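Okay, so here's the structure we're looking at.
Just so it is clear, none of the values below were taken in a lab; they were calculated from the coordinates. Every residue, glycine among them, receives a Cβ derived from its backbone with ideal geometry; neighbour counts consider all protein chains shown.
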Amino acid sequence: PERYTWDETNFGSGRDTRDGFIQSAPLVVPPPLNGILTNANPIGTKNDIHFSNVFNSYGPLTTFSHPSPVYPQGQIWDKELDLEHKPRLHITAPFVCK
Amino acid sequence: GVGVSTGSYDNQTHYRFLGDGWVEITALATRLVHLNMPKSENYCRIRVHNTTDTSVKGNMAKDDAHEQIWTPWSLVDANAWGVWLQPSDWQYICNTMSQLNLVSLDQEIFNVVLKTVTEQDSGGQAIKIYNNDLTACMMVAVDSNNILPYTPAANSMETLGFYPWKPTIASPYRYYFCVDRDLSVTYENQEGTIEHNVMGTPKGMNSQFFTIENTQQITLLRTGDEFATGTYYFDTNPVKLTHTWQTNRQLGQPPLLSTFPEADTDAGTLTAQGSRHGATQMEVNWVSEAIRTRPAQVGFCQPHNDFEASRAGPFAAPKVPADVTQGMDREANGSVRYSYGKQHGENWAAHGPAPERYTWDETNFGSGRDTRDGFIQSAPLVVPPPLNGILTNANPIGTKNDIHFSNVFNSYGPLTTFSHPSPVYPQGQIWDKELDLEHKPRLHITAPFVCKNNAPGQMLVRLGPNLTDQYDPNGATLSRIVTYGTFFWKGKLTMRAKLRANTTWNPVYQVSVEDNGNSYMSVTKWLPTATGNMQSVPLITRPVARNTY
Amino acid sequence: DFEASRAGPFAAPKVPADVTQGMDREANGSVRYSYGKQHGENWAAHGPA
Amino acid sequence: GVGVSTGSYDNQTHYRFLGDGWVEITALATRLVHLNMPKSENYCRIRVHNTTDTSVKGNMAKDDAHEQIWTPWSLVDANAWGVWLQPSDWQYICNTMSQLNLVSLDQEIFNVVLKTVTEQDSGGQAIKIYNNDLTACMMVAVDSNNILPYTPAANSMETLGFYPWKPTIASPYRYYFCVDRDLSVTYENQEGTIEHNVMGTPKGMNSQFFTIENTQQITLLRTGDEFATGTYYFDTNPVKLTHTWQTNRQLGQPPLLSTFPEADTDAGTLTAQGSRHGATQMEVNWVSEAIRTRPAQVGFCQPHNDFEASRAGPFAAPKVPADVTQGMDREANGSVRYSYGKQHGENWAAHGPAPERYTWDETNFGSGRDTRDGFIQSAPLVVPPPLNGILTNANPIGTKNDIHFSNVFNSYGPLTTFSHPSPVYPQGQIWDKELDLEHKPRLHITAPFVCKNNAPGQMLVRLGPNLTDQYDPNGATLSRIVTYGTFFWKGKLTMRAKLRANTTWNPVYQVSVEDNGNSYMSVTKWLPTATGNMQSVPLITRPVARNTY
Amino acid sequence: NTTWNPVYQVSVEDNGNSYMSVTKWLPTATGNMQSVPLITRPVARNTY
Amino acid sequence: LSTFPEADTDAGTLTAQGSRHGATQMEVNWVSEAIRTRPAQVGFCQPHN
Amino acid sequence: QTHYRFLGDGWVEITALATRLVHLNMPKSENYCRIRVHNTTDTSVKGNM
DNA sequence: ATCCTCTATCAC
DNA sequence: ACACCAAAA
DNA sequence: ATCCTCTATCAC
DNA sequence: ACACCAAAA
DNA sequence: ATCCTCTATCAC
DNA sequence: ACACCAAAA
DNA sequence: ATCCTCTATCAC
DNA sequence: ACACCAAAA
DNA sequence: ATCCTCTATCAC
DNA sequence: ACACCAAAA
Ligand SMILES: [Ca+2]
Ligand SMILES: [Ca+2]
Ligand SMILES: [Ca+2]
Ligand SMILES: [Ca+2]
Ligand SMILES: [Ca+2]
Ligand SMILES: [Ca+2]
Ligand SMILES: [Ca+2]
């Protein structure tokens, strides 16, 4: 089968794991060592597993953009989960019936 | 056709009282603005790279990389409490009301003054002669449709004077352009190099260049002309004027007493934790205020100094302000630090360029978090936890000594409910536009009022190019008669509040002043000096206790 | 997730859910009630228990 | 009576959408114009002879001989796309519409500024003082009846600024007069002399001398005055916004296939040319796409560098633009070369007087001609032609090595059908007057729109003679107070277009931009510099494929 | 249209090695063709 | 801006981070695009696999 | 076909027309089958899940 | 306040 | 946009 | 375009 | 000139 | 004379 | 303050 | 149930 | 056969 | 005789 | 069950 990867175009919303870092306490001009966790330091003793793979930035002030539709192959509309508490959207498709 | 004023000075504030204790506050702002020729005759796409700082290993959190577009136009922002109300008033409103809300805004420009300067007396010394040109003109325009990007002046303490009897000037219009900056991570000295600290060039897909002239209707103003706004109506949500306290530990039914105090000293007791009724979501066969079930989660844990980065570069993540707690964890519960300066506070007689600063600690108690005491137990709950049976604010993550679960833990979720921040009196921003993102943010920390629909068009101004007898278009760079001007600006801001109701018993915290002391609230602070200098210190908004359940 | 504020410490509430084969109770917020004779109990149950 | 603006700045563009996808585009142009005293106080009948160049043997094609009449008046031409629309817009229109047409024009002058300069400070150094005279006036007039000869400014890149935030000035009014110049033919060095390179004197029968003052109604404008045009209605033919391709070889019924391809590689075959049905106008008993009969002739052969001459002197014959073809035969299919300069493109930071140039290759394919392959066979057609049985682009005419049948062959005729040229975005001319010749030309290469009836009267302007205390009419030549001025010009241009329909399958060529590259279409080109410099590069008009049969 | 500077448009390109090459949305000699996903939202927005 | 470019090459400069006006939610006595206050958070960090 | 109906204020009413020839043969199972699917062949590996 | 060289799209 | 050039624009 | 510390001799 | 001070100015 | 990127709170 | 953004504000 | 590349001789 | 191609067919 | 901290689901 | 919280419930 032929395959195609779709890279979303909502820039300014993306994230570059490499440069993402958490400093500490009381902010310091140039951080020590044990004063900043980076995408190098390993979590739970695994070499390649970093804070990224477990960090969730989401929250109140977290605002973003609805994905886009993909021309051929893409899905158009979709039903909504019958869950008393719904999801802010489906990645499955663009249009979700209210 | 000239020699007759075109407007009228009025910097008053009216409290119109209506029934059921509703109130119609009316803000009157009049101000004298000065303005001189924009150095660049055109639009400049300028870049800014601080290699001088980005090059250091630890330094990144000091990154100022970006590329703005400099417009020869100047903005007229009044979006800052400090511009409308009088110290005392803010007192009054806060000490007396229960809620406040934006209603409508009305702006007005008039009494245009245009002058040119001629540096003469070359036959004697070096003097300067002042005189006004009548034909000369000014230019105004309003981006009502908001085609241009939003540029809040408080976003830089560059709004207008908070002092009426003293003039003021305008911040020049400048806006961001698309680049795609990149910077690597490093610490104190480490080893190797900063692998790559790049900037970048304009991308076809996101290049956006506007021009006041191709977007708005510009109006010419000579001396006798005058300009006036429409009347914008705010479509916003009101802001409570009361702080809260209650935390998950104090929500509803206090446990039942079995032991009653004897004297005003000793306390009382409850029933056996083992043999006590109630509910919990832990397996233990007992009960404690700590583990008892509550309606929802008040406040939540936020990640400390979460510098994240995108094609733009790195930046600190914003975060919902909250009480600092005994833990004095500021950066931990998003307090904010302002750096205002002499048109917005400062003393006045303060020497040097050193700006005055103020950190604001939010008053929504019961919502704060004390990092120290925060801890995660394990599995199957155990009375007193082992060691490898509880992670604390001591244990280090990813091999770093000072980095703990706090700096990466995010408590947020469905049951996580909190309170909208409060406004800061002088220096504070009032309203703000909303991000055009199909999925919005539950609020902005940037300001109190966020417009549900479209928002106040920004008011742009610029002097008109006063030409000389010599002019060649193809000519390198050329002369223009020196010129500058002034004009008054008048604003109208209407608000709606209601009087608070008294129901307690025990009096309650009120914003007050104090005799000549070393007290934060000391009259003298809001008083003139012998030479006439004064400062404006932020004031408490929401002096009175609320209730949340 | 015992968190704490000016009030003191306390366990964070959490949306109940199925426990799963994993029998992870405290993990998917099941709730434990401790009612007593006007609200259940047998009746002939002895002691304050 | 002064100190109050008389008009309003607005350089916007509105797209009014109506049903059936029709559209009403509205162009708004506002511009600041500067103007100084006309050196000649009168009308000058001046002559121009470039003997310095005409004298050489090969040189003639460089002849600039003529005699113009210099009027102390200045023209205000806005007839140039670049003045109305914004880069992006032209994109939009072209990428989205299917046709465009002129509708109406409206001009307006206002906010007059008149100043005099007094060079003083002779008691110190050498300064210049600026100040405005109120009583002073400006003069405007409109040759609505078009008594004066037409003088399109694009006919010289001297129209108005294409950049709004930057001022501009006017081209002075000048027009041709009757002489009867004559020049002989010569090459590289030859022998003998240039037999006679004469100019000549005014002829009684064709002498035509006009004067703004005896032809128009001049209106005086002081500072508080203002002037405004009527509202001209264009009576013109629309311009398609699509290029074509099909050539005589692809018109209608493709021959019948007898052999069908096996794989995406190999091709298919037709039927025996001998044993194939169809029609031709050659005697041969076979058939081939080359000789088959077509509806008519698409495009035609034009004579190369056909310098012809009349009582005026020599000049190159104009010629209907067309595709250049693989043959890259520019001068052969009339592409055009423009030499614009900084108010009309140029970069800006380009050094020296060197003007920037651009050659425009027409996009009406299937209409072009490749000189190389063009050939004439003989009599009675022969399968493979002899030698003296076919004249090619190798064989020389009249004993000159490089002069072939092409340079003298004219393919034009009844069955010769073609396409109207296209407009060029910046720098291009919009409309034009028609020659008052009882027998007209099927179009002008000069511009897209030619007025069927009368046309837009030219707008003339001139400053008024500011006299001194000293004046003698019989006096040789005399003083007048230095003076110069400015004013804004506002134009309104309305157009009508319709949206294109999508019917293909396969997407189609669209005008787009590209990331920071070495690409012709690179955002950066239409962007400001750090000091604020920018250029305007011509853009493709008719990006989309049409159909002609 | 409000910018100045033109803007990204979805277009095709001559017979190349370009992602956007007419030929992709064209039939073969035996009549074969593919459908390649296309860009939705070629044009720059604004969010603030 | 406090420093204006000379030629289409070199860039411009800002004011002293220490001596610059604005607001931030970090304790430092300076200012930088990186730490400055913004309206809200655009995009967010998601857990990998 | 596909029609672009143009209305004022630049609103547009697009109309999609789809016609297609469908083929269909007898459903092998005459009934409803509750079938199961386990890929032990892959689930058994250590890394694979 | 533009209509084909006047006034005068005067020829409406 | 009448108002299309020489009449009945 | 003056009314008792606002708007508002608003309390007429 | 009501219009007077705390209501019904 | 401010309404969500035009004109046009035009959608009243 | 309609006029809440994509329709029938 | 043919009208100038859609619907729509829709522009009657 | 209006219904003539870019408007008011 | 329950309506979001008063009177007052008073805002109907 | 208006009566949805800050206006015109
Ligand atoms: Ca609008
Ligand atoms: Ca005439
Ligand atoms: Ca006239
Ligand atoms: Ca008064
Ligand atoms: Ca408007
Ligand atoms: Ca049909
Ligand atoms: Ca009650």
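Considering only segment D:513-544, state which residues are touching a residue at least 24 places away in the same chain (Cβ under 8 Å), part of a loop (DSSP other than H, G, I, E, B) and more than 9 Å from chain B (Cβ to nearest Cβ).
Scanning segment D:513-544 gives D:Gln535, D:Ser536, D:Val537, D:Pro538, D:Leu539, D:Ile540, D:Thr541, D:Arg542, D:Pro543.
Among the numbered criteria (1) over 15 Å from the mean Cα position of the chain (by Cα); (2) of a type in the set (S, T, N, Q); (3) surrounded by 12 or more Cβ atoms within 10 Å (Cβ to Cβ); (4) within 30 Å of E:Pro37 (Cβ to Cβ), which one does A:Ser65 miss?
Of everything listed in (1) over 15 Å from the mean Cα position of the chain (by Cα); (2) of a type in the set (S, T, N, Q); (3) surrounded by 12 or more Cβ atoms within 10 Å (Cβ to Cβ); (4) within 30 Å of E:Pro37 (Cβ to Cβ), A:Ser65 misses just condition (1).
If the Cβ limit is 7 Å and pairs must be 6+ apart or interchain, which residue in segment D:29-51 that is among the acidic types (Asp, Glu) pairs with which residue that is not in a loop (DSSP other than H, G, I, E, B)?
Close Cβ pairs (under 7 Å, with a partner that is not in a loop (DSSP other than H, G, I, E, B)) amount to D:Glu41/D:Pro72.
Looking at A:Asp19 and the list (1) surrounded by fewer than 19 Cβ atoms within 10 Å (Cβ to Cβ); (2) within 29 Å of B:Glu191 (Cα to Cα), which single condition is not satisfied?
(1)
Filter segment D:234-250 down to the residues that are away from DNA strand N (no atom under 15 Å from the Cβ) and under 23 Å from D:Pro295 (Cβ atoms), then identify the one that is farthest from the other protein chains (Cβ to nearest Cβ). First the steps, then the outcome.
First pass over segment D:234-250, keeping only residues away from DNA strand N (no atom under 15 Å from the Cβ): D:234-236, D:247-250.
Checking the rest, the ones that are also under 23 Å from D:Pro295 (Cβ atoms) come to D:247-250.
Values: D:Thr247: 18, D:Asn248: 23, D:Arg249: 19, D:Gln250: 17 Å.
This residue is D:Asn248.
Look through B:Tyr9, B:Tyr43, B:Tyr15 and report the one residue that is out of contact with any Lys or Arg (no Cβ under 7 Å at 6 or more places or on another chain), among the aromatic types (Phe, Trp, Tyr) and either closer than 21 Å to B:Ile212 by Cβ or within 16 Å of DNA strand I (Cβ to nearest atom) (or both). Please lay out each step first, then the result.
Details: B:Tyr9 fails: either closer than 21 Å to B:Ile212 by Cβ or within 16 Å of DNA strand I (Cβ to nearest atom) (or both); B:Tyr15 fails: either closer than 21 Å to B:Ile212 by Cβ or within 16 Å of DNA strand I (Cβ to nearest atom) (or both).
It is B:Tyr43.
For segment A:29-55, how many residues are among the β-branched types (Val, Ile, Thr) and surrounded by fewer than 17 Cβ atoms within 10 Å (Cβ to Cβ)?
4
Of the numbered conditions (1) away from chain F (no Cβ under 14 Å); (2) in a strand (DSSP E or B); (3) more than 16 Å from ligand 5 (Cβ to nearest atom), B:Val142 satisfies every one except a single condition; which is it?
Against the list (1) away from chain F (no Cβ under 14 Å); (2) in a strand (DSSP E or B); (3) more than 16 Å from ligand 5 (Cβ to nearest atom), B:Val142 comes up short only on (3).
So if I check each of B:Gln326, B:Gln297, which one is surrounded by fewer than 17 Cβ atoms within 10 Å (Cβ to Cβ) and closer than 14 Å to C:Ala4 by Cβ?
From the options B:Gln326, B:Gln297, the qualifying one is B:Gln326.
Looking at segment B:470-485, can you tell me whether even one residue there is in a loop (DSSP other than H, G, I, E, B), away from DNA strand Q (no atom under 16 Å from the Cβ) and within 28 Å of the chain's Cα centre (by Cα)?
No, segment B:470-485 contains no residue that is in a loop (DSSP other than H, G, I, E, B), away from DNA strand Q (no atom under 16 Å from the Cβ) and within 28 Å of the chain's Cα centre (by Cα).
Would you call D:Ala501 within 16 Å of DNA strand O (Cβ to nearest atom), among the small types (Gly, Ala, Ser) and over 23 Å from the mean Cα position of the chain (by Cα)?
Spelling it out, D:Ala501 is indeed within 16 Å of DNA strand O (Cβ to nearest atom), among the small types (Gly, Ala, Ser) and over 23 Å from the mean Cα position of the chain (by Cα).
Sort out which residues of segment B:292-332 are assigned to a loop (DSSP other than H, G, I, E, B) and free of Cβ contacts under 8 Å to residues at least 40 places away in the same chain, and write them in order of number.
Pass one, segment B:292-332, residues assigned to a loop (DSSP other than H, G, I, E, B): B:293-296, B:299-305, B:311-312, B:317-330.
B:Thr293, B:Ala317, B:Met328, B:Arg330 - these are the residues of segment B:292-332 that are assigned to a loop (DSSP other than H, G, I, E, B) and free of Cβ contacts under 8 Å to residues at least 40 places away in the same chain.
Within segment B:16-48, which residues are within 16 Å of DNA strand J (Cβ to nearest atom) and either under 17 Å from B:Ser74 (Cα atoms) or surrounded by 14 or more Cβ atoms within 10 Å (Cβ to Cβ) (or both)? Break it down into steps so the answer makes sense when it comes.
The first filter runs over segment B:16-48 and keeps only residues within 16 Å of DNA strand J (Cβ to nearest atom), leaving B:16-30.
Residues satisfying the conditions are B:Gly21, B:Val23, B:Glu24, B:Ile25, B:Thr26, B:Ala27, B:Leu28, B:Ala29, B:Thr30.
Could you tell me which of the residues B:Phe365, B:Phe409 is away from chain A (no Cβ under 14 Å) and under 21 Å from B:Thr247 (Cβ atoms)?
Numbers: B:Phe409 fails: away from chain A (no Cβ under 14 Å).
After applying the criteria, what remains is B:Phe365.
Can you name every residue in segment A:69-85 that is surrounded by 11 or more Cβ atoms within 10 Å (Cβ to Cβ) and either within 9 Å of another protein chain (Cβ to nearest Cβ) or part of a loop (DSSP other than H, G, I, E, B) (or both)?
Across segment A:69-85, the qualifying residues are A:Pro69, A:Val70, A:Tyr71, A:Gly74, A:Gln75, A:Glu80, A:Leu81.
Given the structure, is B:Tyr130 out of contact with any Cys (no Cβ under 7 Å at 6 or more places or on another chain), assigned to a strand (DSSP E or B) and surrounded by 20 or more Cβ atoms within 10 Å (Cβ to Cβ)?
On the way: out of contact with any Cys (no Cβ under 7 Å at 6 or more places or on another chain): yes; assigned to a strand (DSSP E or B): yes; surrounded by 20 or more Cβ atoms within 10 Å (Cβ to Cβ): no.
No; evaluated as a whole, the condition is false for this residue.
I'd like the residue in segment B:153-164 that is in a loop (DSSP other than H, G, I, E, B) and within 9 Å of another protein chain (Cβ to nearest Cβ) and, out of all such residues, is nearest to DNA strand M (Cβ to nearest atom).
B:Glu158
Could you please find all residues in segment D:169-224 being at positive phi and not polar (S, T, N, Q)?
D:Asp180, D:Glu188, D:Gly192, D:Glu195, D:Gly200 - these are the residues of segment D:169-224 that are at positive phi and not polar (S, T, N, Q).
For segment D:182-195, check the following and say yes or no: at least one residue is of a type in the set (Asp, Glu), away from every other protein chain (no Cβ under 14 Å) and in contact (Cβ under 8 Å) with a residue 12 or more places away in the chain.
Checked segment D:182-195: at least one residue is of a type in the set (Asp, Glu), away from every other protein chain (no Cβ under 14 Å) and in contact (Cβ under 8 Å) with a residue 12 or more places away in the chain.
Here is a yes/no grid of residues against (1) of a type in the set (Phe, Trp, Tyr); (2) touching a residue at least 12 places away in the same chain (Cβ under 8 Å); (3) surrounded by 14 or more Cβ atoms within 10 Å (Cβ to Cβ):
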residue: D:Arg357; (1), (2), (3): no, yes, no
residue: D:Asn364; (1), (2), (3): no, yes, yes
residue: D:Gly368; (1), (2), (3): no, yes, yes
residue: D:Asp373; (1), (2), (3): no, yes, no
residue: D:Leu391; (1), (2), (3): no, yes, yes
residue: D:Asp402; (1), (2), (3): no, no, no
residue: D:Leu437; (1), (2), (3): no, no, no
residue: D:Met459; (1), (2), (3): no, yes, yes
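If D:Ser104 satisfies all but one of (1) surrounded by fewer than 21 Cβ atoms within 10 Å (Cβ to Cβ); (2) farther than 23 Å from D:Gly7 by Cα; (3) within 16 Å of DNA strand O (Cβ to nearest atom), what's the number of the condition it fails?
Every condition holds for D:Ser104 apart from (2).
Name the residues in chain F that are within 14 Å of the chain's Cα centre (by Cα), of a type in the set (A, V, I, L, M, F, W, C) and within 11 Å of chain A (Cβ to nearest Cβ), would you?
Answer for chain F, where residues must be within 14 Å of the chain's Cα centre (by Cα), of a type in the set (A, V, I, L, M, F, W, C) and within 11 Å of chain A (Cβ to nearest Cβ): F:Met26, F:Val28, F:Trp30, F:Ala34, F:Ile35.
Looking at segment B:435-469, which of the residues that are hydrophobic (A, V, I, L, M, F, W, C) and within 22 Å of D:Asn111 (Cβ to Cβ) is farthest from the other protein chains (Cβ to nearest Cβ)?
If we take residues in segment B:435-469 being hydrophobic (A, V, I, L, M, F, W, C) and within 22 Å of D:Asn111 (Cβ to Cβ), then B:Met459 is farthest from the other protein chains (Cβ to nearest Cβ).
Please pick out the residue among D:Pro255, D:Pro261 that is in contact with a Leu (Cβ under 6 Å, 6 or more places away or on another chain), assigned to a loop (DSSP other than H, G, I, E, B) and farther than 30 Å from D:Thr135 by Cβ.
Step by step, each of D:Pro255, D:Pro261 is checked, and only D:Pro255 is in contact with a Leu (Cβ under 6 Å, 6 or more places away or on another chain), assigned to a loop (DSSP other than H, G, I, E, B) and farther than 30 Å from D:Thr135 by Cβ.
Condition check: of a type outside the set (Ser, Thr, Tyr), touching a residue at least 12 places away in the same chain (Cβ under 8 Å) and away from DNA strand H (no atom under 16 Å from the Cβ). Does D:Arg500 satisfy that?
Taking the combined requirement at face value, the residue satisfies it.
As an exercise: evaluate B:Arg276 against (1) away from chain A (no Cβ under 14 Å); (2) touching a residue at least 40 places away in the same chain (Cβ under 8 Å); (3) in a loop (DSSP other than H, G, I, E, B) and give the number of the one condition it does not meet.
If we test B:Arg276 against (1) away from chain A (no Cβ under 14 Å); (2) touching a residue at least 40 places away in the same chain (Cβ under 8 Å); (3) in a loop (DSSP other than H, G, I, E, B), just (2) comes out false.
Here is a yes/no grid of residues against (1) in contact with a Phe, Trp or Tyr (Cβ under 7 Å, 6 or more places away or on another chain); (2) over 30 Å from D:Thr503 (Cα atoms); (3) more than 16 Å from DNA strand I (Cβ to nearest atom); (4) hydrophobic (A, V, I, L, M, F, W, C):
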{"residue": "G:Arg5", "(1), (2), (3), (4)": "no, no, yes, no"}
{"residue": "G:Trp11", "(1), (2), (3), (4)": "no, no, yes, yes"}
{"residue": "G:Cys33", "(1), (2), (3), (4)": "no, yes, yes, yes"}
{"residue": "G:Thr43", "(1), (2), (3), (4)": "no, yes, yes, no"}
